[PDB]
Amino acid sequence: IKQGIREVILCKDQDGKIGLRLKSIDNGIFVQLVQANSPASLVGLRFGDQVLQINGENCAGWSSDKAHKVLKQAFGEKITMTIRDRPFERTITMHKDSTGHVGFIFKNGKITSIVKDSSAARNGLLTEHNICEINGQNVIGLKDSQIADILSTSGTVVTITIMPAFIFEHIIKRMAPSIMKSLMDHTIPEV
């Protein structure tokens, strides 16, 4: 998680899209959805990113509808954006035991127990937190089984990005479970 504020420059694609859904939380605007292969994905916008500004206008206090309106009505040629990196999220690093476990249970991507003397316990992993990313890959909307499978196919070192459950439930309100599984960018970062 980068500790402050960066500028990003988007271009609407050929259908006039940037591949973003924004959401109002606590008088800020946050990324609720990034579409795969979107101008939003190419410049590296992530679920939980805070949009401080669009084209130099402060987003403070905007409704989600006004944020989408401002975007729709923008000279697609070139949109600038000031971004704070997933301010609600934290990153935890764990190591698999010889049995290949980091040491937690989860249901709907929300961690509900920490196993005793697990890596999860040693690095202070918490319950009532949703898994957003594993090793930089967004897993939101994937089946539990499929998240389980990604933790298998990661190495012995597993970095998880997490978010308090209440904050996660507030961000994803009014988006069908089909959109998150099917249209949320789940790609491995690109170099």
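Residue indices: 1-based, along the sequence shown.
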Open item on the list: Mean Cα B factor from the PDB record: higher for 37-45, or higher for 150-158?
Closed with: 150-158
Task: Higher-B stretch (mean Cα B-factor, as the entry records it), 131-139 or 66-74 - done: 66-74
Task: Highest-ranked of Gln32, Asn27, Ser145, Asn58 once sorted by CA temperature factor in the record - done: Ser145
TODO: Could you tell me which third, lowest, middle or highest, the C-alpha B-factor of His170 occupies within its chain?
DONE: middle
- [ ] Please rank the C-alpha B-factors of the chain's modelled residues and tell me whether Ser98 sits in the lowest, middle or highest third.
- [x] highest
- [ ] Relative to the other modelled residues of the same chain, rank the CA B-factor of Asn108 and answer lowest, middle or highest third.
- [x] highest
Task: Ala120 - which third its CA temperature factor falls in, relative to the rest of the chain - done: lowest
Open item on the list: For the chain shown, is the CA B-factor of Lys12 in the lowest, middle or highest third of its modelled residues?
Closed with: highest
